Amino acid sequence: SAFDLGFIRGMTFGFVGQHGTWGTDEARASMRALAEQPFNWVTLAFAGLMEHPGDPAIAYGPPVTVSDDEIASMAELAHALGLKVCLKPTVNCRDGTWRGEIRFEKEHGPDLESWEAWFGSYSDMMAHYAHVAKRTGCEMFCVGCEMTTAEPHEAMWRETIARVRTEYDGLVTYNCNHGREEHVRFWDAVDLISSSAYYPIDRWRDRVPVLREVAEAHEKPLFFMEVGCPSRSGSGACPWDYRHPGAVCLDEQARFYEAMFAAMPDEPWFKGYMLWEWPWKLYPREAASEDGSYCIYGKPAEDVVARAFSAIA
């Protein structure tokens, strides 16, 4: 199931999944371009919104996010184009606080500003989208992304995952942040270990042994639910940073992909790459030189990825 999952050659699509954006002509065209790349997977990623990082409320569905029908439309299109589909609901905060830093005054209390209450809201959201994933035939479901502060609430994560399993029969992953692979204590509750592997160029080769050790320790395959780099100067030193000041630099993004592919071994514990990311509104190829985003389309990284992925299979 997980052990002989085909190696993942994937791309994340459509973040942050603002309401209505995936039902556009642009989105459908962008998806068609995505499916012409040597990818076997797409991740449909979107974010619900927290009013603040200590408020347990989460806003999702219309008018904030893509509707359930928009999700179904994109999944149906991806599937019709021969892609496998991972559904990835997550949360952002309106004030810009990183989702990995949410925190509550209290551990318990359904009506208090508590971890219990937040997990209630979050489990409600994940259960809803896990059900959408099952009905739309999505081959994977990602139960969380980069939730560093939430991770120590192990029993609450296991409750959330158990509920997802009631609603969804496919592969389940949790996506931790880079540097958290060895720290998460509930990997046994998921099928695949994954991370947001935004390792600086210089750090790849030294990090690989720990990634191997984590996979082998937990007897689970490991893959990258996010990995990528903006085409901006200096970005390979801070590939996670989407607001890095700098000149457009296509070569820097290529250097990141070269370093990553050179570092990762051809070993069975590693199950591949969910690249970050592809926009719902895709620029024409000729405009790639003015683009400072994570998108590889029309840049030298597209060819680096092509050379690696076509040869992988």
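Residues carry their position along the shown sequence, with the first being 1.
- Stretch comparison (236 to 244 versus 176 to 184) by mean CA B-factor in the PDB entry places 236 to 244 on top.
- Looking at 101 to 109 and 77 to 85 together, the entry lists the larger mean B-factor for 101 to 109, computed on C-alpha atoms.
- Each of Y129, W204, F224, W115 has a CA temperature factor in the record; the biggest one is found at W204.
- Of the candidates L44, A47, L250, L34, the deposited coordinates give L250 the top C-alpha B factor.
- Sort the chain's modelled residues by C-alpha temperature factor and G170 lands in the lowest third, per the entry.
- Per-chain ranking of the deposited C-alpha B factor places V305 in the highest third.
- Annotation for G292: CA B-factor lies in the highest third of the chain's modelled residues.
- Ranked by C-alpha B-factor against the other modelled residues of its chain, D95 falls in the highest third.
- Ranked by Cα temperature factor within the chain, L275 sits in the lowest third according to the deposited record.
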